[PDB]
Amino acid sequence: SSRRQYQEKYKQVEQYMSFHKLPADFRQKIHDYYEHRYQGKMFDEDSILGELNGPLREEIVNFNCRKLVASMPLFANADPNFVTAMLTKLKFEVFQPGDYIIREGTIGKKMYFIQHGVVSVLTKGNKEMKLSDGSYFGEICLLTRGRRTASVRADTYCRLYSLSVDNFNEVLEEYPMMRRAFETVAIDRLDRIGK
């Protein structure tokens, strides 16, 4: 039944690609994205969660994110109520190899937690660094309100969870002691890239 709803949606994407005469390799790339992102199933997730209440939604995001939470010290060792407030504002995103998730110099308005995948952190000239499952990136712009200090490129398929600057700020107003945890990491990174 879910296999069916994904099928009808994907048919519309196919029609969109056909109308716009997208090339063959591009259509395959979009197909592969859809299979990785939705895994052959689709539901009106916003309508469903909207029909619930706060406690149920909170129990669901905690259950779904058990591995993300336990695998990242920032979350694992934090007040579970801070963790819940973060989890409720995360957006699942999938990226493909070679995607520029972040471009250096742009104005950043979201950060990313890596559930699964490897990314390259690229700066003018300081040797590529890598981040994987359990790490996060894009926090510096959220803290500074300035420009991205590096590009971040997917090496693999990446399952990420994003957090918008407005949501990051709302949570940190509620849990101001957690602001320093991010600030400490941002400062260490700014030092390491010397800029």
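Residue numbers run from 1 along the displayed sequence.
Of the other entries compared for this protein that flank it with modelled residues, a third or more give no atoms for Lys124. For the pair 106 to 114 and 121 to 129, the record assigns the higher mean C-alpha temperature factor to 121 to 129. As listed in the deposited structure, the average C-alpha B-factor of 134 to 142 and of 35 to 43 is greater for 35 to 43.
When the modelled residues of the chain are ordered by C-alpha B-factor, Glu170 sits in the middle third. In the deposited entry, the Cα temperature factor of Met177 sits in the top third of values across the chain's modelled residues. Sort the modelled residues of the chain by CA B factor and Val61 lands in the lowest third. When all modelled residues of the chain are sorted by CA temperature factor, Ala186 is found within the middle third.
When the modelled residues of the chain are ordered by their C-alpha B factor, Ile30 lands in the lowest third.
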